[PDB]
Amino acid sequence: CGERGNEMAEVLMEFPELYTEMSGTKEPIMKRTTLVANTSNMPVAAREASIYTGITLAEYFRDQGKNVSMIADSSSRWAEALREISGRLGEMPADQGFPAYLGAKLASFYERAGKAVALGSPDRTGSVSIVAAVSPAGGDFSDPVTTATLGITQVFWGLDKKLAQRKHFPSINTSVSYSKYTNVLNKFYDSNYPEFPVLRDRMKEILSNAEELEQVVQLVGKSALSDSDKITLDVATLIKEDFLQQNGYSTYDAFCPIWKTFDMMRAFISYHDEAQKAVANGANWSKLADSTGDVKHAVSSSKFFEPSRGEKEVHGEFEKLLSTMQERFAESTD
Amino acid sequence: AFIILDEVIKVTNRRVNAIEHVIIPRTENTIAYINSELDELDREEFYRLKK
Amino acid sequence: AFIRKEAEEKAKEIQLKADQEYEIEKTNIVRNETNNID
Amino acid sequence: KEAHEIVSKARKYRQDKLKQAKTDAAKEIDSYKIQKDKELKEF
Amino acid sequence: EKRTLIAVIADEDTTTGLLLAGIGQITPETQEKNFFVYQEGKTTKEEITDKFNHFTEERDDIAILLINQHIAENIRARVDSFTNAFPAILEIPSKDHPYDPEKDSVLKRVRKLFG
Amino acid sequence: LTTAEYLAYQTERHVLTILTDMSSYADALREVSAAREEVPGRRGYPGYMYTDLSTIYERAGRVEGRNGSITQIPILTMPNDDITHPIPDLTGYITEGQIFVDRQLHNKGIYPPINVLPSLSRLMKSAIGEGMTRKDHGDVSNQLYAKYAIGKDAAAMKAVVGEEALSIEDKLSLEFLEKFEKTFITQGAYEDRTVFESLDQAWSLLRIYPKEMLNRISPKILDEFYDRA
Amino acid sequence: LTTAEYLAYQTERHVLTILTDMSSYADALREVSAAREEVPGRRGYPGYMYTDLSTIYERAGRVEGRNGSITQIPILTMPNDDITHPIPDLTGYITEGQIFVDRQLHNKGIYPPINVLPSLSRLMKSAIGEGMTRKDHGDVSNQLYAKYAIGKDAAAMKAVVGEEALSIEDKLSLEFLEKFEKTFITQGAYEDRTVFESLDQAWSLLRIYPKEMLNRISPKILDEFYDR
Amino acid sequence: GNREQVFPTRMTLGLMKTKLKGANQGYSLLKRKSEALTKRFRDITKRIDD
C-alpha cells in the first residue's frame, strides 16, 4: 500500500524461487501468495481500496479453513491517502491534519483479523493475522497513526533507527516492544517447549539489567561495577550481537525455526548461569572470560548452524555445545 | 592527601565531562524537540481556527 | 623432589565437591521442578 | 615426568558423569509426583 | 579515634630499635606486633607478601605501613597493585640501600601524573 | 525525467538522472500549497508532499523487455542538517537508500564526507555477492558497519572517562575509527577505486581485530580472506 | 447509565457501573463535531466536550431517600500517555479522582502498575479515619506519598550522580522506594488485601525510616503504631 | 541527536530550560572545584617529593 514498485518486483522475482514444506512437498511459496500493489506514485485514493481488497481476500481464504496472514505495508500510507482526500474535501483536520474518523477506520480494519469458525458446513476453522507496517512521520512514534494502531493492535514490534544504522537487524527496540499474546501461548509452549517462557523472561531480565547498567556506565564508566554486573553487561552484549541480531539475507539466518531459537536461548542462558555461578564461587570475571573466550565464541557462533541440517542434527550439536560449555566452565574454575 | 585528592579530581573531571558532553547536549536536544513539536501543535491549531 | 603428585589431592577434592553437588543438585532441582508441577 | 596428574584429573570426568546421573535421578524422582498430581486430576 | 597504629616491616636494626624506642611494637590486645623480622634469606617472599596483606588488609587498626626496600623490591607487584588510602604504605631505605627515588610506588605514581 | 524515460525506455539508453536541490522543489511545492490556502503539513509543507515526491522518485528503474534504465541521484539539502525534516524524511521513505554527506566529517577535513551509518542502499543486498562482486562483500560491509558504530560509541565513552579507562576492544575500535575515516572513507576527488580494491582496503581495517572479534563475518569467509594477507 | 440509574434509584440497588473505553467515546464526539464543521477545541475536539463528558460522568452518586448508589469507573487510555491530552484533562476536571495506570511501572514488571503519585481520590479524606476505617489511615497515606516522592528524586540523583553523593535520608528513601513498589504496590491478581492488612504493610515500610523523619504523621499516631 | 523521552508540553519546555540552566551552572561549579583541587594537587605532589 503506497510503497515502492521495486518492493513488488523483488517479491515477484524471489517468491517463485522459494519453496515451502507445509503441504509435504517442495512447492514455490508464490503458489500460496497474492499481491495487492498500489505503488506510492499510483493513484492515492486507491490505497484505501487496496487495503480493503487485501483483508477481504484474506477473509475469503479464512472462510476455507486456512490460516492467512495479510501484510499491510504500509498502513500509514492509507492514512495519508485518507488525509489527502479529506484535505481536498475541506474537512476539519484532526491531529496532524488527519481526518477525525481515522482511528475508527483503523480499529474497524484491525477487527477483521482473528481466529474464526467458518460460516457454513462442514465445520472448519481459519484465521487472519494482520501485520501492518507503520511509517511514523520523522520516525516519531507520537504519530497519530502509530498512536491509534498501538491502541488497536496486540503486538508492538517497535524498531529503532539507531540499531538499523548500525546494521543491527532486526532493529526491534526491546525496551518499548511488547506482545500481549505471551500468556495465551503458554499452552503451546507447555506442549512443545515447556521452558520456553522461562528462558524468554530470563533473556528479557538480562537485557533490562544491562540497559540500566549501561545508563550507569555512560556517566560513571565501567568501574565500581561488581563482576556480576560485568557479566550481565557482557552477556547482554552477546545476546544483542548473536541472538537478537539475525541477518535475514544469509543461508543460515534467513529462517530460524522455533527449535533452533529455543536451543539458542538455552545456550545463551546457560552461558550466563555458568558465568554467574563461577564468579559467585570466587572466580574472577576478567580471568575467567580470558580463559573461556573459546566457549564464548562457540555460543556466539551457534547462530551459524544451518536449520536445513534438520532438527535432530542441530539439536545434537546444541547438546554438544552445552556439555562442552559446562566442562570448560568447570575446568576454568577448578 | 595525595591519594584522596587524586580520586576526587578524577571523579570531578569525569563528572564535568559527563555534564558537558552527555547531559547538556541531551537536554538541548530535548528542548529543541519540544519546541518543534509545540510549534507544530500551534500551527495545527492556528490553521484549524483559520479554516 | 619436584615430583610429588599432589594433583591426586586435587582429584580427591574435586570428587568430594562433585558429591556435595549431587546433594544440592537433587534438592534444588527437585524442589524447583516440584513447585512448578504443583 | 608427572603426566600422572593429567590422568588423575579424571575427577572432572566423574563430576560430569555425577551431574548427568543427577539429571537422570531427578527425572525419576519427579515421576511419582507427576503421576500422582495427574491422578488427582483424573479423579 | 578510629585508626592509629604504626606498622614496620624492617630488619632488626629498625623495627627493634630506632623508632621502637618511642613507637613500641605490640598491640593492646594482640600478639602479632604489627611487624615482621624479615630474616635475611630466611623469611619467604610469599610469607613477606602474606605479612603485607596481614598488615594492610587483614586488620584495620594499622594506620601506616613503614616498609624497608628489601621487602619492597621483591614485593614490588603486591605493593604496586595496592591502591587504597588508609594504610599509607611508606617505603624507607635500609642498611646500605638508599632511597632510589625511581622505584617506590607512590613516587612512581606522582611522576606518572603530572610530574 | 520525461526526457530520461524517453531515452531509457524508448531508445534503450542507460540514463543517470541528477536532480539537484529537491529541497527547492519542496519549497516551491510549499509556496503553491500556501497560495492554495491548504491545510499545511509538518513544518508547513503540504500533506501530499509524499505522493508528489513519489511521482518523481518512482520514475526510475528497469522494465521488462527494454535494455535501458534510469538511475536517479537526487541531491537534497537538509535544513539545519536535520534528517528528520519532512524533505529528507519523506525522500528516505520513497527512495531506495540515501548517501549521507555529514558536516562533522566535512569539518574534520575528510572527503568525501560520507557518513556511512545514516546511509543506506536498499538494493545492495541483491547487487553484491559471489557471482556479482566477490563473496566477502556483504559480510565485510556488515562488519565494517558494526565496528564503525562500536568505534563511535568508544569515542563518545572516551569523551567522558578518558582514554585510560577504555577496554582493549574499545581501543581497537578507536584505532579502526581513525584508520577507517582517514584511509578507507577518504579518497581523492578524482580517485576511482575498484570494489575489489576497496574490499582489500576493508579487510586490512578488519585485521586490526582478532578473527574471533569479527562476529558478523561467517566462518568460511573469515577462513578464506582473513589471513589472505 | 440509564439502566444503571434505573437499578440505582428506581429499584434502590447499590450498583457499580463502568464505562470502559470512555476515551473512545471522545473520538466519536470529535468525528460528529468535525462533520458539523463546529468551532473546535484543543486537538480538534468539540468545544463542548466538558459538558458532554460531564453529562456522563456526573450520572453517578447517591441521593437522599433511595438506598442505592452508582459507583462509576470509566476506563480511559491517554494518547501517548499524555495526561494533558484533552480527554484525560477534561475527565480529571469532572471526575472525583483518577487511578493512574503507569507504563514505567508496567515495563518494570509491577502489577498493578498503578503510579500513586498522579493518582487521586477526591472522596478519600472523608471516607477514612476514626471509627470508619482507622485512625492512622490519613497520616500513613500522606507519609507514604511524601516518602515515595522523595525516593523517586533520590533515584534520579543516584542515576546521574551515584549513591556516594546522596545523603543517608536519600538512601533510606531508595530502600523505601524498592519495597513500596515491589512488595506494597505489587500484588497478585485475585489477591484481596483488607484496608487493615494494607495499613499494617504501610507501617512496616515507614519503619524503614526513623520516628523523627516520619514528619507527616502527628505525634499521637506516630506513638501508637510506630512501635508495634 | 539523543534526547530524553518526554512528552512536549510548555510545562516540560520550561522544566527542561530550568534543567539546562542548572546543568550549565553546575558545570561551571564543578569546573571551579576541579581547578582548585588541581592546584592543591600540584602543591601536594611537589611537597611529597620534597
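Residues numbered from 1 in each chain as written, not as in the entry; some residues may be left out. Chains lettered and ligands numbered in written order. Part of a larger assembly, values for the part shown. Heavy atoms only, no water. Residues with missing side-chain atoms left out of burial classes, pairs and counts.

cryo-EM is the method the PDB entry states for this structure, with the resolution given as 2.7 Å.

K.L.:
Would you take a moment to explain the overall build of chain B for this structure?
P.N.:
Each helix and strand in chain B was counted, giving 1 helix and 0 strands. In terms of C-alpha radius of gyration, chain B reaches 21 Å, well past the compact-globule figure of 10 Å for 51 residues. Oriented by its inertia axes, the alpha-carbon framework of chain B measures out at about 70 × 10 × 5 Å. A buried classification covers 43% of the 51 residues belonging to chain B. (Helix = DSSP H or I, 4+ residues; strand = E, 2+ residues; numbered from the N terminus. Rg over C-alpha atoms; globule rule 2.2 N^0.38 Å. Buried < 20%, exposed > 50% of the residue type's maximum accessible area, 1.4 Å probe, protein only.)

K.L.:
What's the story with the packing of aromatic side chains in this structure? I'm lost.
P.N.:
For any pair of aromatic rings, geometry is given as the distance between the ring centres together with the angle between the planes. Residue and element names in this part refer to chain A. Per the stated rule, a full pass over the model turns up 30 aromatic pairs over all chains. With a centroid separation of 5.6 Å and an interplanar angle of 65°, the aromatic rings of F156 and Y178 are classed as edge-to-face. Linking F156 in strand β6 (residues 155–156) with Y178 in strand β7 (residues 178–179), this pair joins segments that are 22 residues apart in sequence. Its relative accessible area of 11% is what places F156 among the buried residues. (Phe/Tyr/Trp six-rings, centres within 6.5 Å; stacked < 30°, edge-to-face > 60°.)

K.L.:
Mind showing me how you'd approach the sheet that holds strand β4 (residues 90–92) of chain E here?
P.N.:
Picture the strands of a sheet paired through backbone hydrogen bonds; they go either parallel or antiparallel. Residue and element names in this part refer to chain E. Spatial strand order, β2-β1-β3-β4: 4 strands in an open sheet with parallel pairing. What marks the edges here is a single partner per strand, and that holds for β2 (35–36) and β4. Note: strand β3 (residues 62–68) against β4, 3 bridges, orientation parallel. In the sheet register, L66 faces β4, and the bridge partner there is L90. Packed onto the sheet, helix α3 (residues 45–58) meets β1 (5–9), β2 and β3 and runs at close to 155° relative to β3. (Pairing = 2+ DSSP bridges. Contact = heavy atoms within 4.5 Å. Axes fitted to C-alpha atoms, helices over the stretch in contact; angles between N-to-C directions.)

K.L.:
Hey, could you run me through the sheet that holds strand β1 (residues 14–17) of chain G in this one?
P.N.:
Residue and element names in this part refer to chain G. Overall, mixed pairing links the 3 strands, which are arranged β1-β3-β2 in an open sheet. What marks the edges here is a single partner per strand, and that holds for β1 and β2 (61–62). Here 2 bridges tie β2 to strand β3 (residues 69–72), and the two strands are oriented antiparallel to one another. Considered in β3, the bridge of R62 is made with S69. Against the sheet, helix α1 (residues 2–10) makes contact with β1, β2 and β3, and its axis sits at roughly 145° relative to β3, the strand it touches most.

K.L.:
Would you take a moment to explain the interface of chain A and chain F for this structure?
P.N.:
How big an interface is tends to be reported as the loss of accessible area on association of its parts. If you look at the interface, chain A gives 39 residues, while chain F gives 40 residues. Together chain A and chain F conceal approximately 3100 Å² of surface at their shared face, both sides included; 49% is due to carbon and sulfur atoms. Of all residues in chain A, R4, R166 and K167 of chain A give up the largest surface area on contact with chain F, accounting jointly for 23% of the area buried on that side. At the boundary of chain A and chain F, one finds 2 salt bridges. Note that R166 of chain A is salt-bridged to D153 of chain F, the shortest N-O span being 2.8 Å. (Buried area = accessible area lost by both parts, 1.4 Å probe. Salt bridge = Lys/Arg side-chain N within 4 Å of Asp/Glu carboxyl O.)

K.L.:
What is the right way to read unusual backbone geometry from this model?
P.N.:
In this structure, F114 of chain E follows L113 of chain E across a cis peptide bond, with omega equal to -5°. Counting through the fold element by element, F114 of chain E comes out in the segment after α6 (105–112). Cis geometry is adopted by the peptide bond preceding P112 of chain G, which originates at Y111 of chain G and carries an omega value of 0°. Even without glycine at this site, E37 of chain F takes up a positive phi of about 60°. As for its placement among the helices and strands, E37 of chain F is situated in the loop between α2 (22–35) and α3 (49–57). For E37 of chain F, a relative accessible area of 69% corresponds to the exposed category.

K.L.:
What exactly am I supposed to notice about the arrangement of the chains here?
P.N.:
The chain pair with the greatest number of contacts, out of 13 pairs of chains in contact, is formed by chains A and F. Over all C-alpha pairs, chain B and chain D never come within contact, reaching a minimum spacing of 45 Å. Kept free of each other, chain C and chain F leave a smallest C-alpha distance of 32 Å between them.

K.L.:
Would you mind showing me how to read the packing of helix α7 (residues 137–161) of chain G against helix α8 (residues 168–185) of chain G here?
P.N.:
Between two packed helices, the angle of one axis relative to the other and the distance separating the axes together describe the packing. Residue and element names in this part refer to chain G. Running from N to C, α7 and α8 point in directions that differ by 115°, and their axes come no closer than 8 Å. The orientation of α7 relative to α8 falls into the category roughly perpendicular. Helix-helix and strand crossings are classified by hand; for α7 and α8 the assignment is left-handed. Contacts from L144, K147, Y148, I150, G151, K152, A154, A155, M157 and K158 of α7 reach α8 at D170, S173, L174, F176, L177, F180, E181 and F184. By residue class, the composition of the contact of α7 with α8 is 11 nonpolar, 2 polar and 5 charged. (Parallel < 35°, antiparallel > 145°, perpendicular 65-115°, else oblique. Left-handed = near helix turned anticlockwise from the far one by under 90°. Nonpolar A, V, L, I, M, F, W, Y, C, P; charged D, E, K, R; others polar.)

K.L.:
What is the right way to look at the environment of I6 of chain E in this model?
P.N.:
All names here are of chain E. Within the secondary structure layout, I6 lies in strand β1. The spacing of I6 and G17 is 11 residues in sequence and 14 Å in space, taken between C-alpha atoms. Those residues in contact with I6, other than ones at most four positions away along the chain, are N34 and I64.

K.L.:
Please clarify how the nonpolar core should be interpreted in this entry.
P.N.:
Taken as a class, soluble globular proteins show a tendency for nonpolar side chains to be buried jointly. Among the nonpolar cores identified, the biggest contains 63 residues, and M203, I239, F268, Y271, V299, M325 and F329 of chain A are the most heavily contacted of them. Beyond its immediate sequence surroundings of up to four residues, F268 of chain A is in contact with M203, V235, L238, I239, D242, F243, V299 and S302 of chain A. (Core = buried A, V, L, I, M, F, W, Y, C linked by side-chain atoms within 4.5 Å.)

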